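Encoded as structure tokens, the structure appears first; notes follow it.
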Amino acid sequence: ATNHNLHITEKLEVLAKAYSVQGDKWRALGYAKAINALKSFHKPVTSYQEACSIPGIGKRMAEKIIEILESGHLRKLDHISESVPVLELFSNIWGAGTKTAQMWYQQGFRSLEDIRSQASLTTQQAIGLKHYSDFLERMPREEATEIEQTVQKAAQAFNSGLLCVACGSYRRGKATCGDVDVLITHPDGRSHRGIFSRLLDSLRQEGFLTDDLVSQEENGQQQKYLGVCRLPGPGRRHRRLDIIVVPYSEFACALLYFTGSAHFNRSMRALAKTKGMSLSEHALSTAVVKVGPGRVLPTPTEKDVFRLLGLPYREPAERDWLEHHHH
DNA sequence: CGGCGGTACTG
DNA sequence: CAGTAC
DNA sequence: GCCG
Ligand SMILES: Nc1ccn([C@@H]2CS[C@H](COP(=O)(O)OP(=O)(O)OP(=O)(O)O)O2)c(=O)n1
Ligand SMILES: [Ca+2]
Ligand SMILES: [Ca+2]
Ligand SMILES: [Ca+2]
Ligand SMILES: [Ca+2]
Ligand SMILES: [Ca+2]
Ligand SMILES: [Ca+2]
Ligand SMILES: [Ca+2]
């Protein structure tokens, strides 16, 4: 775009973070939409009226946008609770969300050392905690490619016809990635089955996977792996890796889901529901509603899902937000 | 005013 | 079930 | 927070 309201969005984002770490998620959702709407606007907002006219912006947000626009900052930023930056710190641990972070706060911890030395930690959070720094860093797009190639090469050693694709921010074209998302399927509709057993064992053998966060290996029909990998060679960081294995008939919906963004996926699914459909990572489904399951519409490609939702195909680089348009 | 995406693990 | 995650 |  070119954010024409940069000075405004900066400040609303601080505020938004604050609700977000305090656990006030709907409020934080509201801020995020407004903020995207400001960023995409053709010009600096100049009037309260013009602010309210924007979908995503109502009275309370227009008051703020205006106050910032005239007076040059936002009072409310100097009343944010002091606990917020601790709650953010604790929430940046993988596996600890706002509840854990609040529990730790009421136990009086205020730093990661208070966490290590005294807090009770789930298995996941202990892993989250020891890799705190590495997991906060975004990786270059090129390290993501090598991670994906590792997973793919290990998969094709078992079956050369297996399809592997990196999704997430990578597929949306970004320069850096918070974590790598790999989608595996097989066009024969069948040989995706039992992959995780073999694939995980192989990736552990040569030391690439260093920890597992979610991986239900008791289940032969396991569909997801969330864990931690590390490319070989000196000084490499530990990275988050997510792998999903799906049947080929689910490929377009899984691809769409895994490409995201999160906000994009939410809006798509909200749209589907407005049309008596249901959109998931597994399928797009018609005639919903206790509720009734409705039937799967076949969707051999992502274009089919867009078409059935009455939208034009959206290129992966333009899937940051649904309500963001224009070539 | 109530709804705000739909689903998969963990414990 | 609540919590966290994708 | 905003929307229907
Ligand atoms: N709450 C969520 C989270 C993710 N998603 C979907 C499924 S996984 C895909 C990408 O999500 P990630 O959290 O890896 O974000 P991105 O890849 O966009 O960015 P970075 O990893 O931060 O580079 O989005 C979702 O539908 N709902
Ligand atoms: Ca509006
Ligand atoms: Ca966390
Ligand atoms: Ca590939
Ligand atoms: Ca991810
Ligand atoms: Ca990602
Ligand atoms: Ca396990
Ligand atoms: Ca309310």
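In what follows, chains carry the letters A, B, and so on, assigned in the order in which the sequence lines appear, proteins first and then strands, with residues in each chain numbered from 1.
Side-chain contact check for A:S81 versus A:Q22: some heavy-atom pair is nearer than 4.5 Å.
When rounded to the nearest whole Å, the span between CD1 of A:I65 and P of D:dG1 equals 12 Å. Residue A:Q221 contributes atom CD, which lies 13 Å from atom P of B:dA8 at whole-angstrom precision. To the nearest angstrom, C1' of B:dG5 lies 13 Å from CD of A:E323. The distance between atom CD of A:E217 and atom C1' of B:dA8, rounded to the nearest whole Å, is 15 Å. Taking atom CZ on A:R266 and atom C1' on C:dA5, their separation rounds to 13 Å, with Å as the unit. Taking atom CG on A:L241 and atom P on C:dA5, their separation rounds to 17 Å, with Å as the unit. What separates NE2 of A:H263 from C1' of C:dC6 is a distance of 14 Å, to the nearest Å. Between the NZ atom of A:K17 and the P atom of D:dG1 there is a distance of 17 Å, given to the nearest Å.
Of all non-hydrogen atoms in A:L308 and A:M277, the two that sit nearest each other are O-CE, 3.7 Å. Across every non-hydrogen atom of A:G161 and A:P187, the tightest pair is O-CD, 3.6 Å.
The number of heavy atoms from other shown groups lying within 6.0 Å of NZ (A:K153) does not exceed 12. Remark: A:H326 NE2 is loosely packed, at most 12 non-hydrogen atoms of other residues, nucleotides or ligands lying under 6.0 Å away.
Distance from the side chain of A:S280 is smallest to B:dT7 among B:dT10, C:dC6, B:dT7. Checked against B:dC9, C:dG3, D:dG1, the side chain of A:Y19 finds its nearest nucleotide in D:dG1. Taking only side-chain atoms of A:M61, from C-beta outward, the nucleotide of B:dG5, C:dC6, D:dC2 with the closest atom is D:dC2. When each of B:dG5, D:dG1, B:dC9 is scored by its nearest atom to the side-chain atoms of A:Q223, the top-ranked nucleotide is B:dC9. Considering only side-chain atoms of A:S278, the nucleotide from D:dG1, B:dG6, B:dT10 that sits closest is B:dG6. Minimum atom distance to the side chain of A:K76 is reached by D:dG1, of the listed B:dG5, D:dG1, C:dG3.
With a 6.0 Å cutoff to the six-membered ring centre and a 45° limit on the axis angle, A:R141 counts as a cation-pi contact of A:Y170. A:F135 does not carry A:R239 over the face of its six-membered ring by the limits of under 6.0 Å from the centre and within 45° of the normal.
Applying the 4.0 Å criterion to OP1 and OP2 of B:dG6, one finds that A:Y257 has every side-chain N and O outside that range. One finds a side-chain N or O of A:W94 lying less than 4.0 angstrom from the OP1 or OP2 phosphate oxygen of C:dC6. Side-chain N/O atoms of A:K273 include one lying less than 4.0 angstrom from OP1 or OP2 on B:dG6. For A:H282, a side-chain nitrogen or oxygen approaches OP1 or OP2 of B:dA8 to under 4.0 Å. Residue A:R240 places at least one side-chain N or O under 4.0 Å from the OP1 or OP2 atom of C:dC6. Close to D:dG1, at under 4.0 Å from its OP1 or OP2, lies a side-chain N or O of A:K64. A close approach under 4.0 Å does not occur between any side-chain nitrogen or oxygen of A:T123 and OP1 or OP2 of B:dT10.
If you check every strand for non-hydrogen atoms under 4.0 Å, A:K59 touches sugar and phosphate atoms only. The residue A:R60 sits close only to the backbone: its heavy atoms come under 4.0 Å of sugar-phosphate atoms, none of a base. At a threshold of 4.0 angstrom between heavy atoms, the contacts of A:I93 are confined to the sugar-phosphate backbone, with no base atom among them. Using a 4.0 Å heavy-atom cutoff across all strands shown, A:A272 reaches no nucleic acid atom at all. Within the 4.0 angstrom heavy-atom criterion, base atoms lie near A:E281. Residue contacts for A:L183: at a heavy-atom cut-off of 4.0 Å it reaches no nucleic acid atom on any strand shown. If you check every strand for non-hydrogen atoms under 4.0 Å, A:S267 touches nothing. Among the atoms of the strands shown, none is found under 4.0 Å from any heavy atom of A:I244. Contacts of A:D181 with the nucleic acid, taken as non-hydrogen atoms under 4.0 Å apart, involve only primed sugar atoms and P, OP1 or OP2.
As rounded to the nearest Å, B:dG3 and C:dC6 have P atoms that lie 28 Å from one another. Comparing the same atom, P, in C:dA5 and in B:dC4 gives a spacing of 22 Å after rounding to whole Å. If you take atom P in D:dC2 and the same atom in B:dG6, they sit 23 Å apart, rounded to whole Å.
Side-chain heavy atoms of A:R269 come within 5.0 Å of minor-groove base atoms (purine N3, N2 or pyrimidine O2) of the paired bases, and none approach the major groove.
Of the possible donor and acceptor atoms, none in the side chain of A:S169 sits under 3.5 Å from a partner among the backbone N and O of A:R172.
Residue ring and nucleobase are not stacked for A:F258 and C:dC6 under a centre distance beneath 5.5 angstrom and an angle between planes beneath 30°.
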